Every structure is written in C-alpha cells, then in structure tokens.
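**Q**
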Amino acid sequence: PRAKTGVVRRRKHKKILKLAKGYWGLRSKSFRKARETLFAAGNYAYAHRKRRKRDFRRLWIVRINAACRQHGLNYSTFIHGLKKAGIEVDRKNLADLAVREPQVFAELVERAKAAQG
Amino acid sequence: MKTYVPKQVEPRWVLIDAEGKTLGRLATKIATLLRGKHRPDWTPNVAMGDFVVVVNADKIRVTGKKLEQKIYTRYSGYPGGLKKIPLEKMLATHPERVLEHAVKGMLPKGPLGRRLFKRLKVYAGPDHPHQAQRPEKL
Amino acid sequence: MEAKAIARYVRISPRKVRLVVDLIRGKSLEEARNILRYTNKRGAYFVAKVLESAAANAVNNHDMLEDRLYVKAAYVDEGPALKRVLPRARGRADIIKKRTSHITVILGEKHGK
Amino acid sequence: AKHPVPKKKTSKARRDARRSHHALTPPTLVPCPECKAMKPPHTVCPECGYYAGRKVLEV
Amino acid sequence: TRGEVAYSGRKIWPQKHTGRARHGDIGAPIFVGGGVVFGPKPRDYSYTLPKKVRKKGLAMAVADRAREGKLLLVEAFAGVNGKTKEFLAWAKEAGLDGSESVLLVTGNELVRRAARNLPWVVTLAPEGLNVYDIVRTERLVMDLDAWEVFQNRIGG
RNA sequence: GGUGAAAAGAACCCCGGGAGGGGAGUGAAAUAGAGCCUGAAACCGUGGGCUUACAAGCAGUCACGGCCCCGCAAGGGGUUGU
RNA sequence: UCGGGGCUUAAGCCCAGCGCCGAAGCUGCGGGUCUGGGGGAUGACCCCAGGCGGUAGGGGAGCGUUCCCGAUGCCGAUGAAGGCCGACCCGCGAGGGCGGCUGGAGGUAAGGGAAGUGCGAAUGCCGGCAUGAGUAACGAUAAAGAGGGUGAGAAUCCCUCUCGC
RNA sequence: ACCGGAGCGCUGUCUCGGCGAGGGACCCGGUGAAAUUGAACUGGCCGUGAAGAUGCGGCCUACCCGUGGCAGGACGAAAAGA
RNA sequence: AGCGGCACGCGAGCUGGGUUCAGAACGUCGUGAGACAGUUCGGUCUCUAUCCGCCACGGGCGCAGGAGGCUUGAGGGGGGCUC
C-alpha cells in the first residue's frame, strides 16, 4: 500500500504561486515567503474593508462640511438641524447631494436652521 | 452611486495681506486653502488648492515674548551642528521665512505636501509677480 | 530570411562573453566585424567564430546579400558548469565552478520592401 | 572567511546595479589612408600601413 | 526497517564542535535510504467468523437471490461430456443468454469443464459455496445436489 | 536506467582548426538527434508592455487618477501616479 | 521640542448649556453556522429564537492520495496519465469540473475496503542553482630580451642569439 | 636559549617622523573561492520596546548607482557560551 | 596641572603586560586525589567589510533653446591659547 508523495504538493504550492504571483521581492517567486505575503494581503483586505467604511464616512463629511460652511455654517449645525428637521438619513454619503446641484443642498441647509433656529 | 472625482480644474490664485496678523493663526488659514478643504470637491491625492501669494510678511504680529523667546532650529549633520535662531533675528534677515516655516509644518508630509508648499509664494514687501487673478482675501 | 549560427557545449561563463555580445548587438556585418578584430577579449575569437558561421549561412543557405545583412539576436545562455575539485588549507575539497555557455548570432537583410 | 561576512544574501537588484556600472566600451577606429578600411587611431595596420608603409608582409 | 540495512551504526562527525546536525549512522529514516517506521511487514488480516451468523449468511444471501427469481436446479444437465457448445445451446435453451454470470451452482465436474473456461460465467459449485459469489455474480444453476450441499449448510 | 515499430542511428554542400551547427536527406514525428520519451520548480538569459533619476521601504493593502492591451455591452487582465 | 505646532480676553487653566465626530459595541440589511419551538408523517425544505474570537484540547464533518472488490467489465488515438495556460462554471473550505496548449498509452465512476497518506522548517538527509565577486588568489622576490621557424592560433612549443640564479 | 635590579658603549624603542626601495594592493589582460545567507526598497535625534531599532513613534539628511579607503553598529562571524 | 558621561568609549585597531587554563614550585587546608577572594615563573585574539556609518573619486542624470567662461552665497565645515 504505497504512499509516495507524488504531485499533490506540486499542484497546491503552485496554486499559492498564482494566488500571489504579481508581488515584489524574491517572495514574488519564493513558495514559502509568497504564502506569508498571502497572509499579509488577505488580513489587510479584512482590516481594510472596515477601514474603508469609516474612511468613506470621512470623505462625505469633508466635502459636505466645506459646502455647508460655504453656503451657510458648520457641518455639525447642519446635522443638528436635519436630525431636528427629522429628514431621516439624507445619507451623509448622499449629503454629497451638495457635490452636484448647489440649490438642493443650500435649500436643505435653510431647512437645517429652519428646524432648530 | 459612486463618489465623484473632480476633473483637471483650473487652479485659482489668491492674495493675502499679512501685517498686523498673527503668525500661527494666519498660516492656520493658509494651509486649509493650499488644499481643497475650502473648495466643496476637495480630494486627498490631487493638489488643486489655490496658490497663495502673501504680501509684506515682514510685519506679522506675534503674541507673548515670542519676538525674543521663539527659537527656530536647524541641524547640519556636523558635530555641534545645531543652529538655533530667535524669531527676533528671523525678521531682520529674510523674514518671509517665518511665515513659510510656520505653514510647511502645517501641511501633509508626503510628496504633494511639499508640492503644495510650492503653491505658496510669500514676499517681505508687499508686491508680487502680478501673474494673474489674485483676488485679495481677508 | 534570418540566418542562425548556434553552438552548445562551449567554454566561458555567460558574464564576459555577454559583455562582448551586447557591445555589438544589432549592428551591421562590416562594423561588428571591425569590432570583433579590435577587441581586447577572447570574445573576439568566440563571437566572431559563431558570427562567421552565421554570415555564411545567409551567403548560401538563406540568401540575403551582406551589404544588407546586419546582426539580429545573439543569445548566449549558460550550458552546464564544470564542478572541478580544488584543494585548500586545513583540508577543504573546494568546489570551483566553470560555467559553460550557448552563443546565437541571428541576423537578416536590411529592408523589407 | 573571517570576521566581516556578507551577513545576508544580496538581492538580484544589487546584483544588477553593481553590474550596472560594469558594461563594455566599443572599439575606436578610423580609416587607413592610401588604402581601404579601418585602423585604430594612431596605428600602422600591417595590411595597410602608416606613412612610408613598413612591414605589410602576410598572406 | 533501519536495522536490516548493510550500513553501519557509527557516527561520522562529532557531537558539539560539529557545525552540522547530529546523528551519524546513515540508517535512520531522516537520511537518504533510511529504513521505515513500523508498518509494511508481513501480516495476516484474517480472523474468526462465528458459525450461526455465517450459516444464515449463505441462507440469507442465497435465499435473497431467490427473492429476485433468478435461480434453478436442473434435474440433470443434458450436455453429458463436458463440452462447450453442449452447455452453450443447453444454456440458450435453459433461459440463458450471455450477459449474466454464473455462480453456476452445480457439482458435476464435466458441466464445470465448459465452465472452467467461462468468460462471464464464473463456474460456481458446492463445497466452496459463498455469499460473496452469489452477490458478485448471477446463476444458481443448481444440480439438485449442489442445493443438497446447501440444505445441510443451514440445517439449523 | 528508457531514442524508435525497428538504426532508417543523418551521406553531400556550406562556415569552421576541430568542435558545433546552418541546409538537405530519414522516419508517423528529430520539441525522439545519440546518456536523445516525458522536461516542471528554484534558476540564469533575450524581446515587449506598465512603472522608476526631491526620495524614508515585513514592500502590501483600500480608493482614485495616468496608462497599455484583451471587451458587443457590461466588464477584465494588468500596471502603479497619490 | 507640548506627540508634534503654536496658542497669551487662548489652541492653557477651572466652571455651566447646546452641537458634532469618533469603535467590528448597536440599528438596518442580507447570505452561511449550530442549538430550542413550529409548519410540513413529511426526509428533503421553509417560517419564528438566540449565540456566531479563541493555544492545548474534547467532539463532528469534508476534500486529496497508492492500491484491492465492482472489473472477462467501463474510458480512451477525435490521443491515457501527468506536464503547462484560465479573466470559466460548481464546493463555505482543502477541492470538483470544463475549455485552451502539450505529451505519448495508460486511467477506474456510484457503492465499498485498506493503508509507508497530505511537509515549510528539525545548525534536517540527497540532488540542483545562485549570494559573496569578475573580487582574493593565480604557490619562492633566483628575472627575463629578441631574431626566426613553426603552425587555423604563438610572450607561453621550437631553432639560435642574449642576460641573470 | 631559566626570573629580578644597576652602570657602560649603541641604536628609530620613544620625541616626531621625512625620503627612497622591491613586492602585494590600484588599471588593463587569462581564470576564479570562501564562511554567512528568511527577505529586504537597509540614513539620523528624542523617546519607545522583555531593558541596546533603518523597521514603532513626534520627528531629521539627503537625485540613481557605483570605486578607493577607515573600522563604530547591525547585541559582529567563528559555538547548539571553554 | 579640572571633575565627569559614552559596554567604567574604541583587542572585525593595537598591547595580551594584569587576567580564573592544563606544567611546575611555594605558602595553606585536607588521611589523600586534589582543592584555598594565597603567592611564583613562563604561557596561540582568528590578514580580503555584505548593508549601514564615515573620508575622499567618479559615472549616468537633472536644472521645460544647445553651449563656453566669469560668478552670487543660502547652507555648511575649519578657525578662537597664553605667557
């Protein structure tokens, strides 16, 4: 009942090859350094998905704050108004409804102070 | 949808006074403009924030005892190469420096963070190279 | 067409002869040969040899005319390596590596139309 | 083999750079006057020859 | 294993001041042609199967064939000299075809002679009589006596 | 340790001191060409695409731009400017 | 040098009211997971409930392997196996399948059985190739010059002439 | 050819080293090792850390790569610490 | 005629004189092998720097017409004794 190793590790290690062929370093060839890079990349992918989340919240709030002080006042007060205006969500993301079309936003700012103030 | 990314907008130039102003507080404003944080479509990796020509920086105001206290430092790789200069002497000899130092540190550190420093020209005058537009600010 | 002279199983590590080759890669016969003679190397002898066998093929096997015949790809690759065993102090059987190589002058006529 | 050892295997990058300043230099040649073909600058080619032509004895 | 290798059992380089690993005898697996760890040595996989059980075994198996309906015990085989086409025409007449394989149960050697070289029909007969046969194959072709040998197998 | 069914195991021309090849000729096939069925990995080369000469690196990751090439669309590879 | 800067009716100090960011904690969504209830005898499957990190380890399940019964059979030159390419489909997963290029004659389903089974290491055993580096060294500090001859090729063989241990 | 101590003549042992000499090295020419080697795209202060960092951080000089030379660090190689 | 920090700096730089080797002797303890923060005399630190660091030297490049020569001095290095 022979159990000569054969070619399984060939196929599998080379699966790691294509799984990580593209990187830099000897590791971009080296079977055992490459896999360590595979760990690096995937782990990074996880942490970076959540990172991505907060990140995007930021971006929105950035341009939003800019335009809000521009055609009015600080972003915090715009929120305050809209939570009081009860305009559920508006999607701070889609608070980039200022990015395109000035009057949409501007109007909802007048609504912001309209609620409280 | 999918957040929008600005096209190659035309950099807008701006002019600022200086005299009577507070150093930090001044730069404080400069920086946020060297970037697009003032513009509604600010973008991180791009550099589209107004150029800023500042006039007569030779007369900027500074609180406390800075004038005699505040000491800038430079280090030549050489032993005992530490060189520290007081805000007092920085004005006398080439003062347009103070405002720059003050700002440079108030901008990102990466490649473009120096790229934006280039967008800022400061003159111990006033007077600038009246290149174009340059709408004075407050 | 394109002529080829190739040889395997032959001396000298790829380094030095590579040096000789890329000094003359993509150059006409007359020029490159005038180089081959005036070369402070043995790459003179080797490269000129294979190159010459390459030149002759185009003369009466490929047919191109040498007024137009310049040198294309020259590849030079390493064959085996002689694992010679040299002696040294305190009793080590040194391994000394004599890498053998693979020179290949390709070439062709001048124009296409 | 002593004290200052190449602590780690040097990269292929370093290989190719240290060998970047390597390279060759092409030969330098001019023509042979009162003849036809080359001769390196300041030479009396046997086939050809400088002024007055000395040697020129081959087959 | 390692002990049956025409090699030594002696160390080559030392213990501490070595610079290399530590073993010596080129016999253990770790090296090139080392011996094996346990396993592949001659053995016997067999064991004991209780009587009662295996009795029913045959019964069940054989009788289960009977549940299907593929079975018969001819009184006496017409091909009486043990020659191929005798049993062949005989089989074409006895409900056979070609695609169906024969625990051909019977006990007259001569009928089994054609069956000794039978490429579909394994030639099964009585003193051997197993369950694996009747499962692996097809025809209980019982001379009355083969079934007799089976009737006594159980007999309880 | 293995060329092929089998030696049919490569004459004659060509460069070359030979070696080795460029052709031809052979067989189904010379990517079976003589330690020659298979020929991978680490591995050293040559062509091409993208990128690099103000810049701080466990070498990737998330997004966006530049780009080149596959793509009917939609997309996809790739590559890296920040 | 407070983290850094750069603040002096504060960007510091303490004290009050409202604002907002900012955690995988929470709301939402929807796919998988196990355990309780229920619909379906209903198995399959769906609906309600909650937990949903984990070394040793306890427990369960699955992919992959060399071979044996199936196998007097099934697969295959329109090409076995394996080799290489995939931006394609199926599995949560290790994988399965399928197409492209190769190579040249082996492979074994559904059920089942058994074992040298799954390697990244052990200053690991064997093979293979680079790193160092075109560097150190080219083994007496008793020394070599030419003219010619030879020969595809000459300082290096050979002839003579010379000089030195 | 044993260990102290002292005087005489002499001297590059010392002050204070300068010149020259042949041979190594340095340039060309023919060949071509080694131990170490996870990979590296490998600079510095002030702190950080199981106490001693290019790599963490608040932060430094500087285009890319090389050659000669000195020897401080990589807790430096020789060992599975005498 | 300073006091001090930096592996009480610097044996991939020297020195290996002092140090805790085996030899031998001596004081000393032990019945003795031998051992004693007791002494004595002699006693093998190992040439090729890989990255960094540094001291000079260049090549390739760059300075958004190609080039030749005269230059600016921001920076930075050296310099500061005393009778």
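Residue numbers (the working numbering), protein chains in the order written: chain W, 1460 to 1576; chain Y, 355 to 492; chain B, 118 to 230; chain A, 4 to 62; chain P, 2 to 157. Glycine included, every Cβ here is placed at the ideal spot set by N, Cα and C.
Is residue 209 (chain B) helix, strand or coil when you go by DSSP?
**A** Here residue 209 (chain B) refers to the residue found at position 92 when the third sequence is read from its first residue. In the structure shown, residue 209 (chain B) sits in a strand (DSSP, three-state: E or B).
**Q** What residue range is occupied by the uninterrupted beta strand (DSSP E) comprising residue 225 (chain B)?
**A** Working through the third sequence from its first residue, we reach residue 225 (chain B) at position 108. Its beta strand (DSSP E) spans residues 221-225.
**Q** Nearest CA to the CA of residue 31 (chain A): which residue from B:145, B:155 and B:163?
**A** Here the question's residue 31 (chain A) lines up with position 28 in the fourth sequence. Among B:145, B:155 and B:163, the Cα nearest to that of residue 31 (chain A) belongs to B:155.
**Q** Give me, in chain order, the residues of the same chain whose beta-carbon lies closer than 8 Å to that of residue 1533 (chain W); leave out the 5 immediate sequence neighbours on both sides.
**A** Within the first sequence, numbered from 1, the residue matching residue 1533 (chain W) stands at position 74. Here the set comprises 1524 and 1527.
**Q** Assign residue 461 (chain Y) to one of three DSSP states: helix, strand, or coil.
**A** Residue mapping note: residue 461 (chain Y) aligns to position 107 of the second sequence, counting from 1. Looking at residue 461 (chain Y) - three-state DSSP - the assignment turns out to be coil, as it is neither helix nor strand.
**Q** For residue 393 (chain Y), go through chain W and note every residue whose CB falls closer than 8 Å to its CB, in chain order.
**A** Against the second sequence, residue 393 (chain Y) aligns to sequence position 39. Simply 1525.
**Q** Using DSSP bridges, identify the partner residues of residue 429 (chain Y).
**A** One-based indexing of the second sequence puts residue 429 (chain Y) at position 75. Answer is Y:436, bridged to residue 429 (chain Y).
**Q** Would you mind sorting residue 218 (chain B) into buried or exposed? The rule is 16 or more other CB atoms within 10 Å of its CB.
**A** The residue given as residue 218 (chain B) occupies position 101 in the third sequence. So residue 218 (chain B) counts as buried.
**Q** Please classify residue 7 (chain A) as buried or exposed, where buried requires at least 16 neighbouring CB atoms within 10 angstroms.
**A** Looking up residue 7 (chain A) in the fourth sequence gives position 4. Exposed, by the Cβ-count rule.
**Q** Report yes or no: do three or more beta-carbon pairs, one from the segment 450-460 of chain Y and one from the segment 370-388 of chain Y, lie closer than 8 Å?
**A** yes
**Q** With distances taken Cα to Cα, identify the nearest neighbour of residue 1469 (chain W) among W:1490, W:1461, W:1481 and W:1571.
**A** What you label residue 1469 (chain W) is simply residue 10 of the first sequence in a count that begins at 1. Restricting attention to W:1490, W:1461, W:1481 and W:1571, the CA atom closest to the CA of residue 1469 (chain W) is found in W:1490.
**Q** Which residue wins for smallest C-alpha separation from residue 450 (chain Y), given the options Y:364, Y:373 and Y:355?
**A** The residue labelled residue 450 (chain Y) in the question sits at position 96 within the second sequence. The option with the nearest alpha carbon to residue 450 (chain Y) is Y:373.
**Q** With distance defined between alpha-carbon atoms, name the residue in B:151, B:204 and B:146 nearest to residue 223 (chain B).
**A** Looking up residue 223 (chain B) in the third sequence gives position 106. Per the Cα distances, B:146.
**Q** Of all Cβ atoms in chain B, is any one closer than 8 Å to the Cβ of residue 44 (chain A)?
**A** Within the fourth sequence, residue 44 (chain A) is the residue found at index 41, counting from 1. Closer than 8 Å: no.
**Q** Taking Cβ-Cβ distances below 9 Å as the criterion, which residues of the segment 19-30 of chain A are in contact with chain B?
**A** For the segment 19-30 of chain A, the residues whose beta carbon sits under 9 Å from a beta carbon of chain B are, in order, 22, 25, 26, 27, 28, 29 and 30.
**Q** Note down the Cα distance separating residue 36 (chain A) from residue 57 (chain A), rounded to an integer number of angstroms.
**A** As a first step, residue 36 (chain A) must be located in the fourth sequence, where it is residue number 33. As a first step, residue 57 (chain A) must be located in the fourth sequence, where it is residue number 54. About 14 Å.
**Q** Nearest-angstrom Cα distance between residue 98 (chain P) and residue 1467 (chain W)?
**A** Locating residue 98 (chain P) in the fifth sequence gives position 97, counting from the first residue. Locating residue 1467 (chain W) in the first sequence gives position 8, counting from the first residue. The alpha-carbon atoms of residue 98 (chain P) and residue 1467 (chain W) are separated by roughly 47 Å.
**Q** Start and end of the alpha helix (DSSP H) containing residue 187 (chain B)?
**A** Your numbering for residue 187 (chain B) matches position 70 in the third sequence. Unbroken run through residue 187 (chain B) is the beta strand (DSSP E), 187-189; no alpha helix (DSSP H).
**Q** Can the beta-carbon of residue 105 (chain P) be found closer than 8 Å to that of residue 125 (chain P)?
**A** Position 104 of the fifth sequence, counted from the first residue, corresponds to residue 105 (chain P). Position 124 of the fifth sequence, counted from the first residue, corresponds to residue 125 (chain P). Taking 8 Å as the Cβ cut-off, residue 105 (chain P) and residue 125 (chain P) qualify as a contacting pair.
**Q** Can you list, in chain order, the residues of the segment 138-159 of chain B whose Cβ is nearer than 7 Å to any Cβ on chain A?
**A** Only those residues of the segment 138-159 of chain B whose C-beta falls short of 7 Å from the nearest C-beta of chain A are listed: 140, 151, 152, 155 and 156.
**Q** If we ignore side chains and look at the alpha-carbon of each, how far apart do residue 20 (chain P) and residue 22 (chain A) end up?
**A** Here residue 20 (chain P) refers to the residue found at position 19 of the fifth sequence. Here residue 22 (chain A) refers to the residue found at position 19 of the fourth sequence. Their backbone Cα atoms lie some 34 Å apart in a straight line.
**Q** Within the same chain, show all residues whose beta-carbon is closer than 6 Å to that of residue 452 (chain Y), passing over the 5 residues directly before and after it, in chain order.
**A** On the second sequence, position 98 is the one that residue 452 (chain Y) refers to. Answer for residue 452 (chain Y): 444, listed in chain order.
**Q** Compare the C-beta of residue 224 (chain B) with all C-beta atoms of chain A and state if any pair is closer than 8 Å.
**A** In the third sequence, the residue the question calls residue 224 (chain B) occupies position 107. No, its Cβ sits nowhere closer than 8 Å to a Cβ of chain A.
**Q** Which partner residues does residue 367 (chain Y) have in the DSSP bridge list?
**A** The residue you call residue 367 (chain Y) lines up with position 13 of the second sequence. Answer by DSSP bridge pairing, in chain order: Y:405.
**Q** Taking CB distances under 8 Å as the criterion, tell me whether residue 168 (chain B) reaches chain A.
**A** The residue given as residue 168 (chain B) occupies position 51 in the third sequence. False, the Cβ-Cβ gap to chain A never drops below 8 Å.
**Q** Against chain B, does residue 32 (chain A) count as a neighbour if the rule is that its beta carbon must be under 8 Å from one of theirs?
**A** Against the fourth sequence, residue 32 (chain A) aligns to sequence position 29. True, the Cβ-Cβ gap to chain B drops below 8 Å.
**Q** Who are the near neighbours of residue 183 (chain B) in its chain, counting only those whose CB is closer than 8 Å to its CB and skipping five residues on each side?
**A** The residue given as residue 183 (chain B) occupies position 66 in the third sequence. These residues qualify, in order along the chain: 146, 172, 175 and 176.
**Q** Pull out every residue of the segment 355-366 of chain Y whose Cβ sits closer than 9 Å to any Cβ of chain W, in chain order.
**A** Within the segment 355-366 of chain Y, the residues whose Cβ lies closer than 9 Å to some Cβ of chain W are 355, 357 and 358, listed in chain order.
**Q** Any idea which residues DSSP pairs residue 1532 (chain W) with across the strands?
**A** Here residue 1532 (chain W) refers to the residue found at position 73 of the first sequence. In DSSP, residue 1532 (chain W) forms no bridge with anything.
**Q** Pull the bridge partners of residue 467 (chain Y) from the DSSP assignment, please.
**A** In the second sequence, the residue the question calls residue 467 (chain Y) occupies position 113. Paired residue(s): none; residue 467 (chain Y) is not in a bridge.
**Q** Which same chain residues end up closer than 6 Å to residue 79 (chain P) when comparing Cβ atoms and leaving out the 5 residues on each side of it in sequence?
**A** In the fifth sequence, the residue the question calls residue 79 (chain P) occupies position 78. Here the set comprises 91.
**Q** Could you tell me how far apart the beta carbons of residue 75 (chain P) and residue 142 (chain P) are, in whole angstroms, since I believe they sit closer than 8 Å?
**A** By 1-based counting over the fifth sequence, the position of residue 75 (chain P) is 74. By 1-based counting over the fifth sequence, the position of residue 142 (chain P) is 141. Indeed they touch by this definition, with Cβ atoms about 7 Å apart.
**Q** Considering only their Cβ atoms, is the gap separating residue 11 (chain P) from residue 29 (chain P) smaller than 8 Å?
**A** As a working mapping, residue 29 (chain P) is identified with position 28 in the fifth sequence. As a working mapping, residue 11 (chain P) is identified with position 10 in the fifth sequence. The Cβ-Cβ distance between residue 29 (chain P) and residue 11 (chain P) does not fall below 8 Å.
**Q** Please look up how many angstroms separate the CB atoms of residue 1530 (chain W) and residue 1568 (chain W), rounded, as I've assumed it's under 8 Å.
**A** Position 71 of the first sequence, counting from 1, holds the residue named residue 1530 (chain W). Position 109 of the first sequence, counting from 1, holds the residue named residue 1568 (chain W). Yes, they are in contact, since the Cβ atoms of residue 1530 (chain W) and residue 1568 (chain W) sit about 6 Å apart, within 8 Å.
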